[PDB]
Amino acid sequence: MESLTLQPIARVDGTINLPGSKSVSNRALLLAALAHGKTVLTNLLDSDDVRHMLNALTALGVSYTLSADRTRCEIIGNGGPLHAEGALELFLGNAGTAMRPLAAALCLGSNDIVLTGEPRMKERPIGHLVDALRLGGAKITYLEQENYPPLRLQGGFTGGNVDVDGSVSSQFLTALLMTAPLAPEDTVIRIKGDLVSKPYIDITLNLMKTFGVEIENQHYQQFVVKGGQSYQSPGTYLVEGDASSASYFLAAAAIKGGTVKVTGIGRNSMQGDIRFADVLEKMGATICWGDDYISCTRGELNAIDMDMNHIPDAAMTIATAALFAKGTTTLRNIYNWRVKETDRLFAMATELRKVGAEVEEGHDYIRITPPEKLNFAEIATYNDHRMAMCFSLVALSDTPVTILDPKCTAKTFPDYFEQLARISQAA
């Protein structure tokens, strides 16, 4: 199959202008499609997950244009809930930010639509979301395995008292929050117990406010939403650079810099993954913050033992950076790594051992003890963009590394290797 071999990188130094945020891009596209008026999004991400959302909007009848590089999008808002009948099938690849939000949104009014995706998406849970939507009136059918896509949506979500489990994915709550304002009746969303990935809820609420809707957030345990609302175009909107994509470059400087500056995110960014920079600082790197950049300069790199529930995606980057740190690194409270692009606890542990690390794969944590020296490995990537990007950091050592299916990075970052190469220096 396809593979890419990375030769040892002696030093990293430079500036990277970040690709747009996947989380912000897919929320902005769905809200722009539901809104009244024309929205012009700039710095939109061009990646597989965004392309699946754009294709779904096209299939649903939404009109929009894209610039040549697909980072500028002018969307003609539908002025209300989207509609299609005839069991129209929307293929959503493995994009949670399209699958979860559309599963909720398309329950408004009457519809007859099927949502499906790649084989792995049919193994990613959606039951907590379906349960909540049904409590609000939605008619939803599991076409294959109970609690997983594919789903046949027949509409009916009117609002009301809705409980939702927040212990497995914050995306279910995000989907409900974006949908409820357009339901005819008021909705009170009650979180059953724990809520994981809380920072992503703040991104959702930030986007909803940009599009003209606010709700009452009672300590992230209950959300009061008034029905009969409408989203309104914000005119022009600048999508933040992606803070998760930024993690690889900031970590590379922490290991082998040099100073690497990423632009497009800064201290005021809404993305919780900017907190990844705080972890590098705790490990010994030097961080500089700007309005529109974050930079990292090599310092020391010491192991850490931290709860990473607030940054599940960027936390994977600490798992390979740990190969270069002094001591044993432990990342805790990351159970849902198991239900994402792949089971990331199994995948990360398996591949880390291949380059020499001693790894304890905990049920919901990972403990990593680096080897005295890394060895060569051909890294399996599990159709997971982050496995490829995280293991690219192995090349910041004296050994090359071969990454299988490097194009899997296109889920969120098609140009990843060219960008890592931009900051890679031989001297």
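Start at 1 and count along the sequence shown; that's the residue number.
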{"item": "Between 207-215 and 258-266 (mean CA B-factor, as deposited), the higher", "value": "207-215"}
{"item": "Mean C-alpha temperature factor, higher of 295-303 and 333-341", "value": "295-303"}
{"item": "Out of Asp49, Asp384, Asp398, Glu378, residue topping the C-alpha B-factor column of the entry", "value": "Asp398"}
{"item": "Out of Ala180, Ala315, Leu133, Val355, residue topping the C-alpha B-factor column of the entry", "value": "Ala180"}
{"item": "Assigned third (lowest, middle, highest) for the C-alpha B factor of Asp273", "value": "middle"}
{"item": "Where the record places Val394 (Cα B-factor, split into thirds across the chain)", "value": "lowest"}
{"item": "Chain third (lowest, middle, highest) by recorded CA B-factor, residue given as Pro199", "value": "middle"}
{"item": "Chain third (lowest, middle, highest) by recorded CA B-factor, residue given as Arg124", "value": "lowest"}
{"item": "Within-chain third of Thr71 by Cα B-factor, per the entry", "value": "middle"}
